[PDB]
Structures are given as structure tokens and as C-alpha cells.
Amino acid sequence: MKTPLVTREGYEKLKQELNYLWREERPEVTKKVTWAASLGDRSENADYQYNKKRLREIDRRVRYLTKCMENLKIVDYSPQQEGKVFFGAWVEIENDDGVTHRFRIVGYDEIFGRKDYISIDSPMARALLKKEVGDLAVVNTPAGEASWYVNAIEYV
């Protein structure tokens, strides 16, 4: 349920974050918690407490990111082996009443609505994983029963 593969692009980000976190926001957060204490009482002060949390949360991701950088795996792959869906592949799919929605498959670690918003350890990513330019893919979930048609695969 935890997958190491990560795009080259996505890698740059993870690095970027740890950078922004340790060099740019840790300074900001620690600085406020400072004044907070100088300013007064611990409980009634909401900013002393809020900032303590964001700093606990901040150093937390700092920890996670750091380890995922070393254990993550990059998938530098271009158009040569194409046709089949597997990774970093922008896929288009169809619904009978007309539901059309795009998506490229990339890892959960760093996915946001920015580059591609589908993780590989995901149902759709599983069904659609390796299927030709026009197969009939299925997906199941609690109330979710679903049929989809693979339209086009674009790797760029």
C-alpha cells in the first residue's frame, strides 16, 4: 500500500520542500513561539500554541521527507516503450452517459492537483495499469461499481 516510485519532477519538489522547510519556514515559526513566551501566559495565548503545533508538524514532515528521499525511486522514462499505460502516462477514459476525465499516474508521496493527481496504489491506477489503447476496465469499491473505456495514452 506504500509505493516508492516517484517521478523525476516530483523528486525536485520533495527536495525543494525540505529546503523551504529547514531554511525558510523553520526560522519563521521558531521566531514567533519565541515572542509568544515573552508576551505572556501559555494556555490563554492561542498563537503560542498554534505556532508550537505548526512547528511540531513542520519538523515532522521534515523527518518523513528526509527518509523518503533516500528510499524513493525515480522513474525516468520517455516515449520509447509506449502504447501500454503503466507510468507517468496521461490517460483519458470514457463513460456511457459521457463522463470524460484525464489523469496521469504518479506516486502518493508527492501528488497535488498540480502535476498529476492520481496515485499508483489507487484502484483506477490498478485497473487501468496495463491495458491497450481501447480496453474495457473495471473498478470496484463499497458502493462503487464501475466500468470505463481506455481512450488515449500520451507520454510526454
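The first residue of the shown sequence is 1; numbering continues from there.
When the two stretches 41 to 49 and 89 to 97 are set side by side, the higher mean Cα temperature factor goes to 89 to 97. Comparing 30 to 38 with 112 to 120, the stretch with the higher mean C-alpha B-factor in the PDB entry is 112 to 120. In this structure the maximum Cα B-factor among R102, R126, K131, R54 is found at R102. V150: CA B factor lies in the middle third for its chain, per the PDB record.
In the deposited entry, the Cα temperature factor of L21 sits in the bottom third of values across the chain's modelled residues.
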